[PDB]
Protein chains: 2
Amino acid sequence: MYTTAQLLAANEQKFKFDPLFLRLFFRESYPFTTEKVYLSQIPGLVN
Amino acid sequence: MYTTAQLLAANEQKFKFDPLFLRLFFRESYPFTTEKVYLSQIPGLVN
């Protein structure tokens, strides 16, 4: 009621988080205008 | 049915090969005009 507290700076408590993956390997990115996607992997073995 | 399914990748992962012998030892080419091919040598040995 008459304490008259004084506030100092409070902490922030950050989170240790660095992707390395959404910045290293996944450089490419695309949208989907369709319901699904297709992936092609054609092996080449000539005789 | 309703399978629009846009594709985005066509990875091959086909083969791993490089001669390097074509440049290592046989730099010079000599296509034939005739059919018979003659090559010889000279041995060096003396008492």
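A.B. asks: What exactly am I supposed to notice about the packing of aromatic side chains here?
C.D. replies: For any pair of aromatic rings, geometry is given as the distance between the ring centres together with the angle between the planes. Residues and elements named next belong to chain B. As enumerated under the stated definition, the model contains four aromatic pairs over all chains in all. Between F21 and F25, the ring centres sit 5.6 Å apart and the planes meet at 45 degrees, which makes this aromatic pair tilted. Both rings, one in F25 and one in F26, keep their centres 6.0 Å apart while their planes meet at 85 degrees; by these two values the pair is edge-to-face. Of the two residues examined, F25 and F26, each falls in the exposed class. In textbook terms, an aromatic cluster arises when at least three aromatic residues are bridged by ring pairs, as seen for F21, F25 and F26.

A.B. asks: What's the story with the interface of chain A and chain B in this structure? I'm lost.
C.D. replies: By a widespread convention, an interface's size corresponds to the accessible area lost as its parts come together. Taken residue by residue, the interface counts 16 residues in chain A and 14 residues in chain B. Roughly 1,300 Å² is buried in total at the junction of chain A and chain B, and carbon and sulfur atoms are behind 54% of that figure. Between the two partners, chain A and chain B, sit zero salt bridges. Counting across the interface, chain A meets chain B through twelve residue pairs in polar contact. Counted by class, the side of chain A that touches chain B contains nine nonpolar, five polar and two charged residues. Judged from the five bridges that link them, strand β1 (residues 37-41) of chain A and strand β1 (residues 6-11) of chain B form a sheet pairing that is parallel. What sits directly across from A:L39, in β1(B), is B:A9.

What counts, and where the lines are drawn
Residues numbered from 1 in each chain as written, not as in the entry; some residues may be left out. Chains lettered and ligands numbered in written order. Part of a larger assembly, values for the part shown. Heavy atoms only, no water. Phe/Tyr/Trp six-rings, centres within 6.5 Å; stacked < 30°, edge-to-face > 60°. Buried < 20%, exposed > 50% of the residue type's maximum accessible area, 1.4 Å probe, protein only. Contact = heavy atoms within 4.5 Å. Buried area = accessible area lost by both parts, 1.4 Å probe. Salt bridge = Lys/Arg side-chain N within 4 Å of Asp/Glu carboxyl O. Polar contact = N/O pair within 3.5 Å; in protein donor to acceptor, adjacent residues only side chain to side chain. Nonpolar A, V, L, I, M, F, W, Y, C, P; charged D, E, K, R; others polar. Pairing = 2+ DSSP bridges. Helix = DSSP H or I, 4+ residues; strand = E, 2+ residues; numbered from the N terminus.

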